[PDB]
$ cat run.cif   # mmCIF, C-alpha atoms
data_work
loop_
_atom_site.group_PDB
_atom_site.id
_atom_site.type_symbol
_atom_site.label_atom_id
_atom_site.label_comp_id
_atom_site.auth_asym_id
_atom_site.auth_seq_id
_atom_site.Cartn_x
_atom_site.Cartn_y
_atom_site.Cartn_z
ATOM 1 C CA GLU Q 12 -7.189 5.287 -20.322
ATOM 2 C CA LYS Q 13 -4.281 7.519 -19.381
ATOM 3 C CA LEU Q 14 -6.066 9.318 -16.508
ATOM 4 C CA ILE Q 15 -3.160 11.792 -16.182
ATOM 5 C CA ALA Q 16 -5.168 13.885 -13.708
ATOM 6 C CA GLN Q 17 -7.497 11.166 -12.528
ATOM 7 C CA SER Q 18 -4.752 8.880 -11.290
ATOM 8 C CA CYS Q 19 -1.350 9.229 -9.667
ATOM 9 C CA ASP Q 20 1.826 7.268 -10.422
ATOM 10 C CA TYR Q 21 4.697 7.175 -7.932
ATOM 11 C CA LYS Q 22 7.741 5.123 -7.079
ATOM 12 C CA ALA Q 23 7.216 3.364 -3.788
ATOM 13 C CA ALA Q 24 9.197 0.657 -2.091
ATOM 14 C CA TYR Q 25 7.590 -2.725 -1.402
ATOM 15 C CA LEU Q 26 8.165 -3.266 2.306
ATOM 16 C CA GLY Q 27 5.969 -6.268 2.897
ATOM 17 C CA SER Q 28 2.687 -8.026 2.399
ATOM 18 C CA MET Q 29 1.620 -9.118 5.855
ATOM 19 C CA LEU Q 30 -0.993 -11.826 6.155
ATOM 20 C CA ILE Q 31 -3.692 -11.038 8.649
ATOM 21 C CA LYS Q 32 -5.861 -13.835 9.997
ATOM 22 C CA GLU Q 33 -8.675 -11.623 11.214
ATOM 23 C CA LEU Q 34 -8.914 -8.032 10.052
ATOM 24 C CA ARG Q 35 -9.142 -5.801 13.126
ATOM 25 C CA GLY Q 36 -8.905 -2.561 11.201
ATOM 26 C CA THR Q 37 -5.881 -0.283 11.227
ATOM 27 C CA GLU Q 38 -4.501 -2.349 14.094
ATOM 28 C CA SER Q 39 -3.386 -4.983 11.634
ATOM 29 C CA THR Q 40 -1.654 -2.396 9.430
ATOM 30 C CA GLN Q 41 -0.067 -0.613 12.382
ATOM 31 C CA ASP Q 42 1.047 -3.921 13.846
ATOM 32 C CA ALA Q 43 2.595 -5.079 10.580
ATOM 33 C CA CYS Q 44 4.266 -1.738 9.997
ATOM 34 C CA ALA Q 45 5.692 -1.234 13.504
ATOM 35 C CA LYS Q 46 6.725 -4.863 13.958
ATOM 36 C CA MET Q 47 8.322 -5.225 10.534
ATOM 37 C CA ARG Q 48 9.931 -1.753 10.415
ATOM 38 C CA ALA Q 49 11.539 -2.467 13.784
ATOM 39 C CA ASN Q 50 12.445 -5.964 12.620
ATOM 40 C CA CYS Q 51 14.026 -4.446 9.512
ATOM 41 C CA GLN Q 52 16.593 -2.631 11.657
ATOM 42 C CA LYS Q 53 18.562 -2.918 14.905
ATOM 43 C CA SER Q 54 20.401 -0.268 16.908
ATOM 44 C CA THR Q 55 20.952 1.293 13.510
ATOM 45 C CA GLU Q 56 19.277 4.344 11.997
ATOM 46 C CA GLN Q 57 16.490 4.481 9.409
ATOM 47 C CA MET Q 58 17.646 1.414 7.471
ATOM 48 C CA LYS Q 59 14.126 1.068 6.133
ATOM 49 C CA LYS Q 60 15.081 0.559 2.474
ATOM 50 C CA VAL Q 61 13.371 -1.953 0.186
ATOM 51 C CA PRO Q 62 13.012 -2.705 -3.614
ATOM 52 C CA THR Q 63 11.300 0.040 -5.624
ATOM 53 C CA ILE Q 64 7.839 -0.617 -7.049
ATOM 54 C CA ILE Q 65 5.776 1.751 -9.172
ATOM 55 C CA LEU Q 66 2.679 2.406 -7.159
ATOM 56 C CA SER Q 67 -0.009 3.455 -9.583
ATOM 57 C CA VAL Q 68 -3.365 4.264 -8.098
ATOM 58 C CA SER Q 69 -6.472 5.242 -10.001
ATOM 59 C CA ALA Q 70 -10.150 5.669 -9.122
ATOM 60 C CA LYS Q 71 -10.761 2.693 -11.384
ATOM 61 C CA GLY Q 72 -8.124 0.497 -9.793
ATOM 62 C CA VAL Q 73 -4.679 0.217 -8.338
ATOM 63 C CA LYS Q 74 -1.798 -1.493 -10.017
ATOM 64 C CA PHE Q 75 1.559 -2.482 -8.654
ATOM 65 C CA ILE Q 76 4.412 -2.880 -11.115
ATOM 66 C CA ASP Q 77 8.031 -3.547 -10.242
ATOM 67 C CA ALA Q 78 10.385 -0.687 -11.115
ATOM 68 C CA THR Q 79 13.423 -2.864 -11.751
ATOM 69 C CA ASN Q 80 12.124 -5.782 -13.808
ATOM 70 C CA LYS Q 81 8.870 -3.985 -14.760
ATOM 71 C CA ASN Q 82 7.219 -7.088 -13.310
ATOM 72 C CA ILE Q 83 3.461 -6.875 -13.491
ATOM 73 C CA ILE Q 84 2.979 -7.664 -9.805
ATOM 74 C CA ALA Q 85 -0.807 -7.151 -9.754
ATOM 75 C CA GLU Q 86 -3.671 -4.968 -10.960
ATOM 76 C CA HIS Q 87 -6.632 -4.952 -8.620
ATOM 77 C CA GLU Q 88 -9.789 -2.899 -8.676
ATOM 78 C CA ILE Q 89 -9.913 -0.110 -6.117
ATOM 79 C CA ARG Q 90 -13.196 -1.754 -5.077
ATOM 80 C CA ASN Q 91 -11.048 -4.646 -3.790
ATOM 81 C CA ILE Q 92 -9.261 -2.329 -1.389
ATOM 82 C CA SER Q 93 -10.994 -2.075 1.947
ATOM 83 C CA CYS Q 94 -8.937 0.454 3.881
ATOM 84 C CA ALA Q 95 -5.783 2.543 3.616
ATOM 85 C CA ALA Q 96 -3.708 3.484 6.634
ATOM 86 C CA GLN Q 97 -0.216 4.721 7.360
ATOM 87 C CA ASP Q 98 2.407 4.562 10.092
ATOM 88 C CA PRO Q 99 1.513 6.672 13.195
ATOM 89 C CA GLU Q 100 4.939 8.343 13.283
ATOM 90 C CA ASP Q 101 6.267 7.650 9.801
ATOM 91 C CA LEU Q 102 4.021 9.411 7.308
ATOM 92 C CA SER Q 103 6.276 8.156 4.543
ATOM 93 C CA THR Q 104 5.042 4.608 5.072
ATOM 94 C CA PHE Q 105 1.594 3.517 3.933
ATOM 95 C CA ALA Q 106 -0.219 0.256 4.598
ATOM 96 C CA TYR Q 107 -3.560 -0.614 3.077
ATOM 97 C CA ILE Q 108 -5.818 -3.618 3.498
ATOM 98 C CA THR Q 109 -7.394 -5.472 0.646
ATOM 99 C CA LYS Q 110 -9.814 -8.365 0.347
ATOM 100 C CA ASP Q 111 -7.554 -10.953 -1.207
ATOM 101 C CA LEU Q 112 -10.154 -13.295 -2.648
ATOM 102 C CA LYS Q 113 -7.652 -16.033 -3.528
ATOM 103 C CA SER Q 114 -6.348 -15.992 0.015
ATOM 104 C CA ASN Q 115 -9.724 -15.686 1.832
ATOM 105 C CA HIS Q 116 -7.830 -13.343 4.105
ATOM 106 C CA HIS Q 117 -6.592 -9.794 4.242
ATOM 107 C CA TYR Q 118 -3.087 -8.772 3.353
ATOM 108 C CA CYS Q 119 -1.666 -5.607 4.745
ATOM 109 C CA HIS Q 120 0.217 -4.233 1.810
ATOM 110 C CA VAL Q 121 2.695 -1.798 3.222
ATOM 111 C CA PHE Q 122 5.068 0.223 1.111
ATOM 112 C CA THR Q 123 7.602 2.828 2.031
ATOM 113 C CA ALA Q 124 7.583 5.981 -0.012
ATOM 114 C CA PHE Q 125 10.575 8.134 -0.774
ATOM 115 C CA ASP Q 126 8.612 11.223 0.266
ATOM 116 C CA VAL Q 127 6.030 12.101 2.929
ATOM 117 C CA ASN Q 128 3.741 14.120 0.623
ATOM 118 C CA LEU Q 129 4.033 11.309 -1.903
ATOM 119 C CA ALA Q 130 2.861 8.723 0.656
ATOM 120 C CA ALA Q 131 0.190 11.035 2.039
ATOM 121 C CA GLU Q 132 -1.012 11.711 -1.502
ATOM 122 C CA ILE Q 133 -1.301 7.981 -2.172
ATOM 123 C CA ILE Q 134 -3.332 7.571 1.029
ATOM 124 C CA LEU Q 135 -5.597 10.429 -0.002
ATOM 125 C CA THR Q 136 -5.890 9.164 -3.584
ATOM 126 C CA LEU Q 137 -6.774 5.661 -2.296
ATOM 127 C CA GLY Q 138 -9.254 7.019 0.215
ATOM 128 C CA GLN Q 139 -10.833 9.387 -2.291
ATOM 129 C CA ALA Q 140 -11.081 6.606 -4.867
ATOM 130 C CA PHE Q 141 -12.758 4.230 -2.428
ATOM 131 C CA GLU Q 142 -14.953 7.043 -1.116
ATOM 132 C CA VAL Q 143 -16.237 8.058 -4.565
ATOM 133 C CA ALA Q 144 -16.624 4.396 -5.549
ATOM 134 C CA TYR Q 145 -18.506 3.711 -2.329
ATOM 135 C CA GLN Q 146 -21.466 5.832 -3.393
#
$ encode --input "run.cif" --output "C-alpha cells"
Amino acid sequence: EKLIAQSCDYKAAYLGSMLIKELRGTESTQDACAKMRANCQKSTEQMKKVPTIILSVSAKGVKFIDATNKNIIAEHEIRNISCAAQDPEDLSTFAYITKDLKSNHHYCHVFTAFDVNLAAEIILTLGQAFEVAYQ
C-alpha cells in the first residue's frame, strides 16, 4: 500500500478547479488554464503562485492532500479521471478532467507544479495509469 515505485508523490500548487458545463476535451482545460493564468496576473511577470498541495498519483487512484494543513482534500480513483492535459506553453502547469459524480459535470483540476519535469511526470503517470486501467 506504499507503492513507492508504482506511484509518484509531488508538491503541486492548487491553481483552480474550473467548472465545465459541457466537456469539449482539452479545450476546456486549455481555456481554464489560459483564462485563469492570465487573470491571475496583469502587466506583471510570472505571478502564477498558489497554495501548495501534495499531488499524489497512483495507478490505483489519485489523492490530493493539502501541504499546509494536511487537509484531506479528496481521494478519487484514477478510473474517475477522464483526461489529463497541460498548458500549451507552460509545461509546468497541468490540468486534468474528471467525472465529478456529485456535480454531474466535469471539473478541470489545474495545478501548477514547481518543476516542468515534475508536471510532465504527473501527466505521464496519470495517462499511464488511465491507459493501463483502460484495458
$ residues_around --input "run.cif" --residues "residue 110 (chain Q)" --least-positions-apart "5" --cutoff "8 Å" --atoms "all atoms listed in the file" --output "PyMOL selection string"
chain Q and resi 91-93+115-118
$ residues_around --input "run.cif" --residues "residue 19 (chain Q)" --least-positions-apart "3" --cutoff "7 Å" --atoms "all atoms listed in the file" --output "PyMOL selection string"
chain Q and resi 67-69
$ write_last_selection --input "run.cif" --atoms "C-alpha atoms" --output "PDB file, in the frame of the given file"
ATOM      1  CA  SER Q  67      -0.009   3.455  -9.583  1.00  0.00           C
ATOM      2  CA  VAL Q  68      -3.365   4.264  -8.098  1.00  0.00           C
ATOM      3  CA  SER Q  69      -6.472   5.242 -10.001  1.00  0.00           C
TER       4      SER Q  69
END
$ resolve_selection --input "run.cif" --expression "the PyMOL selection byres ((chain Q and resi 133) around 10)" --output "PyMOL selection string"
chain Q and resi 18-21+23+66-69+95+105+124+127-132+134-139
$ atom_distance --input "run.cif" --atom1 "CA of residue 112 (chain Q)" --atom2 "CA of residue 87 (chain Q)"
10.8 Å
$ atom_distance --input "run.cif" --atom1 "CA of residue 60 (chain Q)" --atom2 "CA of residue 26 (chain Q)"
7.9 Å
$ closest_residue --input "run.cif" --among "Q:15, Q:119, Q:108, Q:85" --to "residue 30 (chain Q)" --atoms "all atoms listed in the file"
Q:119
$ closest_residue --input "run.cif" --among "Q:98, Q:17, Q:111, Q:141" --to "residue 45 (chain Q)" --atoms "all atoms listed in the file"
Q:98
$ atom_distance --input "run.cif" --atom1 "CA of residue 106 (chain Q)" --atom2 "CA of residue 39 (chain Q)"
9.3 Å
$ resolve_selection --input "run.cif" --expression "the PyMOL selection byres ((chain Q and resi 88) around 7)" --output "PDB file with C-alpha atoms, keeping the file's coordinate frame"
ATOM      1  CA  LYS Q  71     -10.761   2.693 -11.384  1.00  0.00           C
ATOM      2  CA  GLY Q  72      -8.124   0.497  -9.793  1.00  0.00           C
ATOM      3  CA  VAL Q  73      -4.679   0.217  -8.338  1.00  0.00           C
ATOM      4  CA  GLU Q  86      -3.671  -4.968 -10.960  1.00  0.00           C
ATOM      5  CA  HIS Q  87      -6.632  -4.952  -8.620  1.00  0.00           C
ATOM      6  CA  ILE Q  89      -9.913  -0.110  -6.117  1.00  0.00           C
ATOM      7  CA  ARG Q  90     -13.196  -1.754  -5.077  1.00  0.00           C
ATOM      8  CA  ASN Q  91     -11.048  -4.646  -3.790  1.00  0.00           C
TER       9      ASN Q  91
END
$ closest_residue --input "run.cif" --among "Q:31, Q:143, Q:14, Q:84" --to "residue 107 (chain Q)" --atoms "all atoms listed in the file"
Q:31
$ closest_residue --input "run.cif" --among "Q:94, Q:78, Q:64, Q:49" --to "residue 25 (chain Q)" --atoms "all atoms listed in the file"
Q:64
$ axis_aligned_box --input "run.cif" --around "region 20-30 of chain Q" --padding-each-side "5 Å" --output "AutoDock Vina command-line options"
--center_x 4.1 --center_y -2.3 --center_z -2.1 --size_x 20.2 --size_y 29.1 --size_z 26.6
$ build_atoms --input "run.cif" --residues "region 119-136 of chain Q" --atoms "N, CA and C atoms" --output "PDB file, in the coordinates of the input"
ATOM      1  N   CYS Q 119      -2.051  -6.970   4.530  1.00  0.00           N
ATOM      2  CA  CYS Q 119      -1.666  -5.607   4.745  1.00  0.00           C
ATOM      3  C   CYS Q 119      -0.508  -5.290   3.834  1.00  0.00           C
ATOM      4  N   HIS Q 120      -0.797  -4.592   2.766  1.00  0.00           N
ATOM      5  CA  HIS Q 120       0.217  -4.233   1.810  1.00  0.00           C
ATOM      6  C   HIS Q 120       0.826  -2.916   2.214  1.00  0.00           C
ATOM      7  N   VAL Q 121       2.023  -2.981   2.753  1.00  0.00           N
ATOM      8  CA  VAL Q 121       2.695  -1.798   3.222  1.00  0.00           C
ATOM      9  C   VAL Q 121       3.922  -1.488   2.384  1.00  0.00           C
ATOM     10  N   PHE Q 122       3.987  -0.252   1.934  1.00  0.00           N
ATOM     11  CA  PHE Q 122       5.068   0.223   1.111  1.00  0.00           C
ATOM     12  C   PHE Q 122       5.662   1.471   1.730  1.00  0.00           C
ATOM     13  N   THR Q 123       6.937   1.659   1.536  1.00  0.00           N
ATOM     14  CA  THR Q 123       7.602   2.828   2.031  1.00  0.00           C
ATOM     15  C   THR Q 123       7.877   3.782   0.886  1.00  0.00           C
ATOM     16  N   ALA Q 124       7.395   4.987   1.008  1.00  0.00           N
ATOM     17  CA  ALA Q 124       7.583   5.981  -0.012  1.00  0.00           C
ATOM     18  C   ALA Q 124       8.929   6.650   0.151  1.00  0.00           C
ATOM     19  N   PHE Q 125       9.325   7.411  -0.841  1.00  0.00           N
ATOM     20  CA  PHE Q 125      10.575   8.134  -0.774  1.00  0.00           C
ATOM     21  C   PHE Q 125      10.298   9.600  -0.453  1.00  0.00           C
ATOM     22  N   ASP Q 126       9.053   9.874  -0.066  1.00  0.00           N
ATOM     23  CA  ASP Q 126       8.612  11.223   0.266  1.00  0.00           C
ATOM     24  C   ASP Q 126       7.313  11.176   1.067  1.00  0.00           C
ATOM     25  N   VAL Q 127       7.206  12.049   2.065  1.00  0.00           N
ATOM     26  CA  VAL Q 127       6.030  12.101   2.929  1.00  0.00           C
ATOM     27  C   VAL Q 127       4.780  12.514   2.152  1.00  0.00           C
ATOM     28  N   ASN Q 128       4.872  13.624   1.418  1.00  0.00           N
ATOM     29  CA  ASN Q 128       3.741  14.120   0.623  1.00  0.00           C
ATOM     30  C   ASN Q 128       3.302  13.064  -0.376  1.00  0.00           C
ATOM     31  N   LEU Q 129       4.279  12.392  -0.964  1.00  0.00           N
ATOM     32  CA  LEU Q 129       4.033  11.309  -1.903  1.00  0.00           C
ATOM     33  C   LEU Q 129       3.165  10.229  -1.243  1.00  0.00           C
ATOM     34  N   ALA Q 130       3.598   9.754  -0.075  1.00  0.00           N
ATOM     35  CA  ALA Q 130       2.861   8.723   0.656  1.00  0.00           C
ATOM     36  C   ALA Q 130       1.480   9.219   1.061  1.00  0.00           C
ATOM     37  N   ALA Q 131       1.437  10.426   1.609  1.00  0.00           N
ATOM     38  CA  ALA Q 131       0.190  11.035   2.039  1.00  0.00           C
ATOM     39  C   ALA Q 131      -0.770  11.202   0.865  1.00  0.00           C
ATOM     40  N   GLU Q 132      -0.220  11.554  -0.296  1.00  0.00           N
ATOM     41  CA  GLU Q 132      -1.012  11.711  -1.502  1.00  0.00           C
ATOM     42  C   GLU Q 132      -1.622  10.379  -1.901  1.00  0.00           C
ATOM     43  N   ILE Q 133      -0.817   9.319  -1.851  1.00  0.00           N
ATOM     44  CA  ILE Q 133      -1.301   7.981  -2.172  1.00  0.00           C
ATOM     45  C   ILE Q 133      -2.459   7.600  -1.255  1.00  0.00           C
ATOM     46  N   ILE Q 134      -2.284   7.837   0.043  1.00  0.00           N
ATOM     47  CA  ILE Q 134      -3.332   7.571   1.029  1.00  0.00           C
ATOM     48  C   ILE Q 134      -4.613   8.310   0.658  1.00  0.00           C
ATOM     49  N   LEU Q 135      -4.469   9.588   0.354  1.00  0.00           N
ATOM     50  CA  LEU Q 135      -5.597  10.429  -0.002  1.00  0.00           C
ATOM     51  C   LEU Q 135      -6.234   9.951  -1.309  1.00  0.00           C
ATOM     52  N   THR Q 136      -5.404   9.628  -2.293  1.00  0.00           N
ATOM     53  CA  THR Q 136      -5.890   9.164  -3.584  1.00  0.00           C
ATOM     54  C   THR Q 136      -6.653   7.835  -3.424  1.00  0.00           C
TER      55      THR Q 136
END
